[PDB]
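K.L.:
One structure, as structure tokens, below. Some questions next.
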Amino acid sequence: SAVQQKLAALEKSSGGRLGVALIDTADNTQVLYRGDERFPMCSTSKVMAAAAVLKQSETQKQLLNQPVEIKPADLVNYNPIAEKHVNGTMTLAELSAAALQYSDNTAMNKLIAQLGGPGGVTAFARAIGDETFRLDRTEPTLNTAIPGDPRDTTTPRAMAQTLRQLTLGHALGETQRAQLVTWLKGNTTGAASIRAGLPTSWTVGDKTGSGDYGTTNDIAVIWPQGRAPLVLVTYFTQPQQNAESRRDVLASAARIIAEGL
Ligand SMILES: *C(=O)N1C[C@H](NOS(=O)(=O)O)CC[C@H]1C(N)=O
Numbered sequence: 002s003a004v005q006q007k008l009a010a011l012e013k014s015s016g017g018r019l020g021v022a023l024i025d026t027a028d029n030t031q032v033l034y035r036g037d038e039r040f041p042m043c044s045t046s047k048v049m050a051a052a053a054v055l056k057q058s059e060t061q062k063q064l065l066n067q068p069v070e071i072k073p074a075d076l077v078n079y080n081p082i083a084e085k086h087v088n089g090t091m092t093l094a095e096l097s098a099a100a101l102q103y104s105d106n107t108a109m110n111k112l113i114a115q116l117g118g119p120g121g122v123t124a125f126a127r128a129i130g131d132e133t134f135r136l137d138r139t140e141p142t143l144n145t146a147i148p149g150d151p152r153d154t155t156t157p158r159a160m161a162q163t164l165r166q167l168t169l170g171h172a173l174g175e176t177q178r179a180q181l182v183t184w185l186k187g188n189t190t191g192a193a194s195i196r197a198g199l200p201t202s203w204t205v206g207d208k209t210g211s212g213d214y215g216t217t218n219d220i221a222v223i224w225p226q227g228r229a230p231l232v233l234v235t236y237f238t239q240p241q242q243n244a245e246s247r248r249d250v251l252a253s254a255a256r257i258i259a260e261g262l
């Protein structure tokens, strides 16, 4: 109840809409704030897409090594890794790593194309028991984050359960799960978000996202020192389209969640 009140006060002082889902896998206890409201996933959807290609690699041995042609025309709005390889090639493993750890949008589009389009990512979500996730568009338009728009959205509760199944459960094979966790732990973009609200001694693997309407997201699997892991989804979006990012709000939500643990 105190956590519910503090998250409501944080949201009230934030000027936006905050969604939080915590799963404590020590006892499966949950904490939800707007946990069943939809939020635009933005770059956090990349987790699903990479996991889906990892799932494909369970029945294609050499799929993650398969070269993919990077063309000049493939570049979109944020391609910090892919631009080095245009007119060249990247493997699907490199593309997955670039998408997850550097949030390369061209790499995400290559992952999406490897799955047959956004519906293939949604189909993977359905195949691992996620009924809420929907991916509808490619990069960059999946980040429009328009209020009330269900496209490219999920709920905090669904994303927390799914992230647990992908990183801690058995939605993926053991090697694929380990690769996904390795990728998440090497994220370069997460230090200002959930991780900033957690004690420094805790290991975090996470994927951030941001979009229009000041949309500021983070999804994390957290290994606290000396405790079983947590799954924490913090989604945040604001009323006006041009709003600035608010990673401090994600950090504050993580601090509130962390303090009740
Ligand atoms: C995903 O949210 N995006 C791709 C890339 N990464 O964002 S993050 O660094 O906040 O994870 C650029 C921002 C954003 C986008 N432009 O769509």
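If you read the sequence shown in my numbering, its first letter stands for residue 2, the second for the next number, and so on. We treat Cβ as the ideally placed atom computed from N, Cα and C, and that holds for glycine.
Below 7 Å, is the gap between the Cβ of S211 and the nearest heavy atom of ligand 1?
P.N.:
yes
K.L.:
Select from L173, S194, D249, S44 the residue whose C-alpha is nearest the C-alpha of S58.
P.N.:
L173
K.L.:
Taking 7 Å as the cut-off, is the C-beta of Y79 nearer than that to any heavy atom in ligand 1?
P.N.:
For ligand 1, at least one heavy atom lies less than 7 Å from the Cβ of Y79.
K.L.:
In this structure, does DSSP put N78 in helix, strand or coil?
P.N.:
Coil at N78, not helix or strand.
K.L.:
Between which two residues does the alpha helix (DSSP H) containing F237 stretch?
P.N.:
Per DSSP, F237 belongs to no alpha helix (DSSP H); it is in the beta strand (DSSP E), 231-238.
K.L.:
From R196 to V205, what does the alpha carbon distance come to, in whole angstroms?
P.N.:
7 Å
K.L.:
Is it buried or exposed, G20, if we count other Cβ atoms within 10 angstroms and call 16 or more buried?
P.N.:
By the 10 Å Cβ count, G20 comes out buried.
K.L.:
Going by the DSSP bridge assignment, what does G170 pair with across the sheet?
P.N.:
None, per the DSSP bridge assignment.
K.L.:
Just grab the DSSP bridge partners of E70 for me.
P.N.:
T90
K.L.:
Cα separation between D37 and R158?
P.N.:
Straight-line Cα distance between these residues: approximately 6 Å.
K.L.:
For my contact list, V182 and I24 are in at a C-beta cut-off of 8 Å; report their separation, rounded to the angstrom.
P.N.:
So it is not a contact: roughly 16 Å between Cβ atoms.
K.L.:
DSSP three-state label for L96, please.
P.N.:
helix
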